[PDB]
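The next block holds one structure in the form of structure tokens; read it before the comments.
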Amino acid sequence: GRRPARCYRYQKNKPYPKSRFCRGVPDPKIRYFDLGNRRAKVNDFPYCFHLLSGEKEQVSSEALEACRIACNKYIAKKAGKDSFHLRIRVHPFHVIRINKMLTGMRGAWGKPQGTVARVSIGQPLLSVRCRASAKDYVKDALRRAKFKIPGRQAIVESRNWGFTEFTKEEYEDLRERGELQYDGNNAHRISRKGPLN
Amino acid sequence: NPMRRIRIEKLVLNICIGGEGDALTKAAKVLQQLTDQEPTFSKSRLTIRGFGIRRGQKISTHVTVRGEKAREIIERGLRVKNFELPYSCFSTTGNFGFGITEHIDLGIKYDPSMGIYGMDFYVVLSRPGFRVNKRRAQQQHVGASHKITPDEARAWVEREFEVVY
Amino acid sequence: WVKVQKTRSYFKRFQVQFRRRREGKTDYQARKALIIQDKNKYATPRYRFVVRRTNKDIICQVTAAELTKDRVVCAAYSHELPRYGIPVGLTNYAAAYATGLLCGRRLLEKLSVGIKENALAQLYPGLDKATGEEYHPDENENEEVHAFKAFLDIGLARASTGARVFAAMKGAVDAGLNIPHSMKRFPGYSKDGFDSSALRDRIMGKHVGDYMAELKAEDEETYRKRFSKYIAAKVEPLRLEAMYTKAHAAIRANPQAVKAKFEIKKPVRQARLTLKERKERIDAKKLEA
Amino acid sequence: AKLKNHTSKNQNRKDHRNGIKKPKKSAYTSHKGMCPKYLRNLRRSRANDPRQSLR
Amino acid sequence: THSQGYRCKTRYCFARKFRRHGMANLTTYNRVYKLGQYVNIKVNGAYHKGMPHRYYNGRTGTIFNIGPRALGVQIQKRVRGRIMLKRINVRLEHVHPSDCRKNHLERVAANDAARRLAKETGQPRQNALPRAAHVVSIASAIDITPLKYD
RNA sequence: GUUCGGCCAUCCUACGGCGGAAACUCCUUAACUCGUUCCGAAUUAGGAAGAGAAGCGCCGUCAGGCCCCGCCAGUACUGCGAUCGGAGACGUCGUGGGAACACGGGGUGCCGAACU
RNA sequence: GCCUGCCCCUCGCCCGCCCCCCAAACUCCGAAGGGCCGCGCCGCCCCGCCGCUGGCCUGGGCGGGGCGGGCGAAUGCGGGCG
RNA sequence: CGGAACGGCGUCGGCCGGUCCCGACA
RNA sequence: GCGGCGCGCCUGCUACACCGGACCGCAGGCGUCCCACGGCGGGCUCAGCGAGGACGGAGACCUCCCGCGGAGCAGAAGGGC
RNA sequence: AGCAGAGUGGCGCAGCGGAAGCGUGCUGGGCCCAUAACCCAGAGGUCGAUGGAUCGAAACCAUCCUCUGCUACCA
Numbered sequence: 002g003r004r005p006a007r008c009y010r011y012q013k014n015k016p017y018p019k020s021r022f023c024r025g026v027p028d029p030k031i032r033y034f035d036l037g038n039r040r041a042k043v044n045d046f047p048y049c050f051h052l053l054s055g056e057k058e059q060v061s062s063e064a065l066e067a068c069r070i071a072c073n074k075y076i077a078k079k080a081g082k083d084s085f086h087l088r089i090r091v092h093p094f095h096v097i098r099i100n101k102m103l113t114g115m116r117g118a119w120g121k122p123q124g125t126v127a128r129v130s131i132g133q134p135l136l137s138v139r140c141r142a143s144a145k146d147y148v149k150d151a152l153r154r155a156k157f158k159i160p161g162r163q164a165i166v167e168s169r170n171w172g173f174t175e176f177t178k179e180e181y182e183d184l185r186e187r188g189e190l191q192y193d194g195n196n197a198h199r200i201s202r203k204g205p206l207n
Numbered sequence: 007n008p009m010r011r012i013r014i015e016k017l018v019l020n021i022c023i024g025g026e027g028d029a030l031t032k033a034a035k036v037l038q039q040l041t042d043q044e045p046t047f048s049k050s051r052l053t054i055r056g057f058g059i060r061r062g063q064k065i066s067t068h069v070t071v072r073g074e075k076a077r078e079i080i081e082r083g084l085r086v087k088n089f090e091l092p093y094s095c096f097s098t099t100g101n102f103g104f105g106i107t108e109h110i111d112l113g114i115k116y117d118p119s120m121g122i123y124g125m126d127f128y129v130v131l132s133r134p135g136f137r138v139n140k141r142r143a144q145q146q147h148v149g150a151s152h153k154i155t156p157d158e159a160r161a162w163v164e165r166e167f168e169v170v171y
Numbered sequence: 003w004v005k006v007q008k009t010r011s012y013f014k015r016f017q018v019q020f021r022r023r024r025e026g027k028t029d030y031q032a033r034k035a036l037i038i039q040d041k042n043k044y045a046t047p048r049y050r051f052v053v054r055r056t057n058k059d060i061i062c063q064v065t066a067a068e069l070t071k072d073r074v075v076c077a078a079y080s081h082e083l084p085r086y087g088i089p090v091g092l093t094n095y096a097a098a099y100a101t102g103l104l105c106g107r108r109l110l111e112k113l114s115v116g117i118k119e120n121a122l123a124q125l126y127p128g129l130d131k132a133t134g135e136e137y138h139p140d141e142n143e144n145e146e147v148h149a150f151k152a153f154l155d156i157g158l159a160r161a162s163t164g165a166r167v168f169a170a171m172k173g174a175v176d177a178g179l180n181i182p183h184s185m186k187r188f189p190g191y192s193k194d195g196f197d198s199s200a201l202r203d204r205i206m207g208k209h210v211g212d213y214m215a216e217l218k219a220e221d222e223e224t225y226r227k228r229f230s231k232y233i234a235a236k237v238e239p240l241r242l243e244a245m246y247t248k249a250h251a252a253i254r255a256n257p258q259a260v261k262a263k264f265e266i267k268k269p270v271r272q273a274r275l276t277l278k279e280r281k282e283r284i285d286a287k288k289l290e291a
Numbered sequence: 002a003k004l005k006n007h008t009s010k011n012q013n014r015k016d017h018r019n020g021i022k023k024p025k026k027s028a029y030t031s032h033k034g035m036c037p038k039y040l041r042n043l044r045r046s047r048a049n050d051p052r053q054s055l056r
Numbered sequence: 002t003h004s005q006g007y008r009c010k011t012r013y014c015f016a017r018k019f020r021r022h023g024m025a026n027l028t029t030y031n032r033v034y035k036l037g038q039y040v041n042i043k044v045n046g047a048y049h050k051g052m053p054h055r056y057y058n059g060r061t062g063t064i065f066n067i068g069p070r071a072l073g074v075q076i077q078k079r080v081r082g083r084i085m086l087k088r089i090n091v092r093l094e095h096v097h098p099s100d101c102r103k104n105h106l107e108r109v110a111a112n113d114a115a116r117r118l119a120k121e122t123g124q125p131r132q133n134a135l136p137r138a139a140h141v142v143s144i145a146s147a148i149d150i151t152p153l154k155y156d
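Protein chains in written order, with the entry's author numbering: chain LK, 2 to 103, 113 to 207; chain LL, 7 to 171; chain LF, 3 to 291; chain Lc, 2 to 56; chain LU, 2 to 125, 131 to 156.
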């Protein structure tokens, strides 16, 4: 509420997270950064889709909440809730401050009125892992999210299997070798250093 | 090995009387009477209203007896416990501890003005080779191969104090 | 279950203490104070006196600490005392005063090795009798050559009244090396009026002589076990005092160093594994399992 | 009513006009502040043979 | 800077590095210092007595006098228009002998060695200078090319 | 191998092995000298009945830590110019410097004085 | 399922292993760029002094000769002082 | 032809794909 | 004007790696308290994790182990040990 | 708003380390034929939340919560 957000957009002030010094911050709107099947398995959901920033803006936490709901609702209607795992990769730590409109610039240090998240170019603001059922639906679902975030953003299918660092070709190669492992939502390349038993 | 032998290093009898003043003094005499060794009082690290404690209040009295004098006291006390101890009682390091209620059962005269005094007997065990963790020079800790094990201690007490587990 | 206090982090932050301190043999704070010399003195050497007691041998060396190493000028040990008369009680209080006579006279003789006129040793004979006379070697007029100034090291040993280390320093001062000291941590100091006799008795072990009588009265069997070398060698309770005066005398006459033979019985030296040996070991536990 | 508080613009240029003037040679070899034992020795030591200026 | 105390903004400079925390090697005390040696000044947080100021940390000076306990060093501070020689008294724990002109001292011995060689026999600092000619074998030629953006 | 050092983890820590003639320790006792908030535990005195079990020394850990060198990467960042583009945020181009973590491979204290 | 229960299934804790993002007033590390100093008269060989120093035939300073060798970064410019 | 998030089957130039003599129920 | 007091001082920061750098910029202190909370020497190790001990537990005290300081050092904060 | 006070039995108020009291309310026992007064009693309060500190905090001090006490006009 208040501030059209054009005022807090391009990265300007030095990072101001809520430490001991900065207090009084009202709670951030976005709280659910993990959605869908957070409890999923590594082999499943081998298609990964990402929304990637083309600007250095500061996307508000209230703005981040809207993008989370828009993506979650569309994928859920089109395909099962358990056909995708959604991760909001930017977290709203930076604290934005307001000089109450009620004197003037004398004593203008602003009381905290908000929480915003700084997104550099090439940072995936949002990413999703989907099984083949939603391999199609997620792409336009993420476009319906793109509008809520300001600026220009690109939807790019990760060529890396799932959220795993390895490419889809590597994940299957490591799995067929047997070098691959499961850590619930992730896999490790070798795990070959430590004492042999 | 003769140098892998187990000996008792020390026995501490501790009486925490609990903010009674003269009673801890009478128990200072009690520890002195039963061990022929002057006692040392204790002070509170934490002060608590519920326990009747204030910082620096005298709550405990403890003498450390090392030698044949001590060994005799452990066995007088264990006769009170009927030579039986828990298998759990043994600490991981290799020491055990029991507690007696009533100084009289040890074989001390109960003049009844002096109060019945519950005591706690903790027995630390050592082995020839343990003057490496108390010496000012070369204070390196004892190796695990030489260190006492809870299992070793349980058997040593069985092969000596002959207590049930 | 239980957290591991020694994390890969605890290990990373750990600063090893200095090698000598991690072994425990050197008090760095004390020796830093001892090695301090006013910078105006510049490169003039400062000489330290080291007395460390081992299980059976009181060890004395006079050393100067250089920037790259430590340099001992001369050293005497209780192992040498059988050459000059005493074969038993090599660590007794009387051995200490006698080792420091060797320590002080070995040096006074070596400083006077080339002088040949009025030398270091020639100027200061030192106390011919063995007595607690508060002897100080620098109270004299001196001038030209003066007493070598060393500083006593008690090391990690407490400076107890009556300590063996303290006897050694009185032995060096009696030889004539000026080790600064106050006769307060030596036996027999009772406030004013030092009892010279008590030090004289201790440096001529009569205390052992009385203990020998206590065992010869209470139980002869314990006295064979607690005094085996003393019984085996002909060291009588009465004769030891005569032996000590000869031991002090032998040292003063010839205190020079004679070297016992050295056979270097070096050990097996099992070799470290090679990378292929290290890799085959990995293979065996890859084969078994 | 509010005058500029502080600026260092054109301070280094002003210094450089006749800047980097070294602090003389007397300071480099001056006996000011030296140990009263070094100098007292020096003055007595100097007063011998060619160096002595005594009448 | 409302606060300009003696030890101000010395959170990082004065502090020891990673594991150096502890006493100083006895070498610091054992080293012999000669009048007029070029010595660097490097403050050590532990020895609070006798510390050089934050300006004097990093500087290299000469020793004006050798006193018992404290070396006296003369370092030049450029105050505005003039450079002023300030003599300060530093504890031996925060000064470190500086190689400084070890290069010049090494070179003079080297030049003298060459002069000596010239007397003994010797019958017949350049900043870079040209590469000169040289001929290189081109048969191992790897033709490289720009790579497409993907 | 001891005592004293030097620089102060390639030296550390944890767990195995293997050792000692001498040495070091462990050890054995309190008549004294001294010594414990109490206790010869430490410590101080006096020793020599034992001992490699320990400490200690040498070897082992797809050991941690550590040091070395690769790769990361000409990457991130920034010095200097740009009538370079861009609505800006920023990013390019010429001319200069160049990380870091990760990750990969290797190692794992040596140096002097006195001694024997 | 059980005088009741100690006959146990599933989660919160604890602990490990991963993982998303971060910090003007966090720091394992750590650039760019800056700061400070040096870039000429070196050695050998004696000698004189000192109450200053010291086991000394000691250091160290300040001087006097001799015997050796010289000019030993690039570029531009005469500097300094009241 | 100040200007944006955005649209555009205006017109050129790319890119990643495919179907296509088997002719893009016959 | 009022409210403040960068109106004398200090710690961390803005300050853009020597030093310097502004604001009624930030997050904060000081005007005291100690003959001991002083000097010096000697001896000692702390906070704890785990484990054991009549009363005795969410804490009474005594023991062990392993403890790079996680304690403490009058008081702000940064150092330092 | 700034700036300054105030948070405690149910209620109204006290409370300086260390006591959380009064008055009433309330729950009993009587006194009266009963109900009041009356007499004999008991129980009443995370001392507004979050902290901090001395080593035990209504107190000491912040931060919030929650109320209240007074305030450029003038071009």
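Just so you know, even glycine gets a beta-carbon here, dropped at the ideal spot from N, CA and C.
Excluding the 5 residues flanking it on each side, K64/LL has same chain C-beta neighbours closer than 6 Å at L30 and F47, in chain order.
Only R142, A143, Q144 and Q145 from the segment 125-154 of chain LL bring a Cβ to less than 7 Å from some Cβ of chain LF. Residue range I60 to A67 is occupied by the beta strand (DSSP E) that includes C62/LF. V130/LL sits in a strand when the DSSP states are folded into three classes.
Excluding sequence positions up to five before and after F127/LL, its CB lies within less than 8 Å of the CB of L17, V18, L19, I79, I80, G83, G103, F104, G105 and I106, all in the same chain and listed in chain order. Using a Cβ distance threshold of 9 Å, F157/LK and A127/LK do not count as a contacting pair. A71/LU is the residue among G37/LU, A71/LU, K50/LU and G51/LU whose C-alpha sits nearest the C-alpha of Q39/LF. Contact check for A169/LF against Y225/LF fails: the beta carbons are separated by 9 Å or more.
DSSP places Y30/LU within a helical segment (H, G or I) once states are collapsed to three. Around the beta carbon of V80/LU, fewer than 16 other beta carbons sit within 10 angstroms, so the residue counts as exposed. Remark: C-beta atoms of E63/LK and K30/LK approach each other more closely than 9 Å. When secondary structure is reduced to three states using DSSP, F264/LF falls in the coil class, being assigned neither helix nor strand. Just measuring C-alpha positions, the residue of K78/LU, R137/LU, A119/LU and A114/LU sitting nearest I21/Lc is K78/LU. Spanning the alpha carbons of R17/LU and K26/Lc requires a straight line of approximately 37 Å. Contact residues of the segment 48-72 of chain LF toward chain LU are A67, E68 and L69 (C-beta to C-beta distance below 8 Å). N14/LK has no beta-bridge partner at all, per DSSP. Each of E74/LL, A34/LL, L40/LL and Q39/LL was checked against the Cα of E15/LL, and the nearest Cα belongs to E74/LL. Neighbours of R88/LU in chain LF, taken as residues whose beta carbon is under 7 Å from its own, are absent, since the nearest beta carbon is some 16 Å off.
Judged by pairs of C-beta atoms under 8 Å, the segment 70-86 of chain LK touches the segment 154-168 of chain LK, as three or more such pairs exist. In the structure shown, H81/LF falls within a helical segment according to DSSP collapsed to helix, strand and coil. The DSSP-derived three-state label of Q12/Lc is coil. Taking 9 Å as the CB threshold, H95/LU stays off the interface with chain LF. Of the candidates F16/LF, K287/LF and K41/LF, the residue whose Cα lies closest to the Cα of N207/LK is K287/LF.
Contacts between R81/LU and chain Lc, judged by CB atoms closer than 8 Å, involve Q12 and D16 in chain order. The criterion of a C-beta distance shorter than 9 Å is satisfied by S80/LF and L92/LF.
A residue is called buried once 16 or more other Cβ atoms fall within 10 Å of its Cβ, and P182/LF, having fewer, is exposed.
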